[PDB]
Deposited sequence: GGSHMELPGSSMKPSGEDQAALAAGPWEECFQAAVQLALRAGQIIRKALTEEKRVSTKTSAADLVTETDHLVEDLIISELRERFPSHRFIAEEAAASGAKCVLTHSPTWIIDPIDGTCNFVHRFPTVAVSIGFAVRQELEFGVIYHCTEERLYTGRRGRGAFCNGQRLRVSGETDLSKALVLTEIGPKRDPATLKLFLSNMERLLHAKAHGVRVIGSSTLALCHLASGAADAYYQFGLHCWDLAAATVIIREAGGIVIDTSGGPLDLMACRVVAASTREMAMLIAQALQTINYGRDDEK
């Protein structure tokens, strides 16, 4: 699984990013809410069929069509990351399609519909954005860290107490700031470029960190589990920072909550 798969993933991510950019020229409280899903369904189909059309033997995964990845060359996608922003015409929605082989990430392309920024990255060839070599921040002290993270959908009194208590711990240290742009993909992408030093989230999904990861890594950064050491994709949490140190750091300063 090589390049004919990459040149495609990007070609489709581009179309799948345009058809969606033109969508935001909308006009309404709930009518839009549908336009979106209709779009989400329009994108997902586009990608998981044109890619099916070529390489008719590869597996797929996405928000609509469990996250069980076999050793087969499987394509992990999130047709539209940031449907809530999209509903409000908030300029930050992405379409990410990641590709794994032998049960490990080989590459991934994340697109920025509005800002037309295109993040890509293969393994053994580094990460780029609109053909410009990306390299992870390179920071290590939280006191000089800009953390990224998003709120989950689980609006349960249990959940929230932890999410907030968790923000606090990072703020309690001297982390410059916390950002909640409302998009996991772009957040991870920002980290990859260096616009962010760390990121974290529980209630996240496999199709979110599938592409970013490849990029964040070939960029230099590191992506692991809220605990430490390894990174469990079929789990629903992640911890990727600017350095191997920072990562461990944002860990021994974080409490767990998921599923």
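Notebook entry, point to check: What stretches of this chain's deposited sequence are missing C-alpha coordinates?
Noted result: Residues missing from the model, as numbered along the full deposited sequence, span 1-25, 53-56, 95-99, 294-299.
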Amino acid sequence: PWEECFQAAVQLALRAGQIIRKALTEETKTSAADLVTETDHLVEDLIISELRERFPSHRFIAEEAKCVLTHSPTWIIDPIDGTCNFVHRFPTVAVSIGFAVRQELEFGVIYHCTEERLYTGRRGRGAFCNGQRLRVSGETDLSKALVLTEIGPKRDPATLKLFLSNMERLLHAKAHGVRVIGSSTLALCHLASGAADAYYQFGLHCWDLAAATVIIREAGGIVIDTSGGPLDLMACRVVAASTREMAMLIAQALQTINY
From here on, numbers count along this sequence of modelled residues.
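Rigid core (definition): largest C-alpha set, two forms, superposition within 1.5 Å.
Check: After fitting on the rigid core, which stretch moves more in 4 other deposited structures of this protein, 89-97 or 147-155, going by C-alpha RMS?
Finding: Between the two stretches, 147-155 moves farther in 4 other deposited structures of this protein.
Note to self: Aligning on the core, I want to see which stretch wanders more in 4 other deposited structures of this protein. Is it 51-59 or 189-197 by C-alpha RMS?
What the structure shows: With the rigid core fitted, 51-59 is the stretch that strays more in 4 other deposited structures of this protein.
Notebook entry, point to check: Coordinates for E27 lacking in at least a third of the other PDB entries compared?
Noted result: Yes, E27 lacks coordinates in at least a third of the other entries compared.
Note to self: I want to check something about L209: across the other compared entries that model its neighbours, is it left unbuilt in at least a third?
What the structure shows: No: coordinates for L209 present in every compared entry.
Next item on the list: Between 75-83 and 162-170, point out the one with the higher average CA B-factor as the PDB entry records it.
Entry: 162-170 has the higher mean C-alpha B-factor.
Checklist line | Mean temperature factor over C-alpha atoms, higher-scoring stretch between 244-252 and 14-22 | finding: Higher of the two, by average CA B-factor, is 244-252.
Margin query: Just to confirm, going by the entry's C-alpha B-factors, which of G221, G194, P230, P56 comes out highest?
Written below: Largest recorded C-alpha B-factor: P230.
Checklist line | Of the residues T37, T28, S49, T213, the one carrying the largest Cα B-factor as recorded | finding: Highest CA B-factor of the listed options: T28.
Next item on the list: Check where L69 lands among this chain's C-alpha B-factors and tell me if it's the lowest, middle or highest third.
Entry: As the PDB entry reports it, the C-alpha B-factor of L69 lands in the middle third of its chain.
Check: Which third of the chain holds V93 when residues are ordered by C-alpha B factor: lowest, middle or highest?
Finding: It belongs to the lowest third of the chain when residues are ordered by C-alpha B-factor.
Margin query: For the chain shown, is the CA B-factor of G177 in the lowest, middle or highest third of its modelled residues?
Written below: Middle third of the chain for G177's C-alpha B-factor.
Next item on the list: Could you tell me which third, lowest, middle or highest, the C-alpha B-factor of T114 occupies within its chain?
Entry: Tercile = middle for this residue's CA B-factor.
Margin query: Ranking every modelled residue in this chain by its Cα temperature factor as given in the entry, which third contains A235?
Written below: Its C-alpha B-factor, which the entry lists for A235, ranks in the highest third among residues of this chain.
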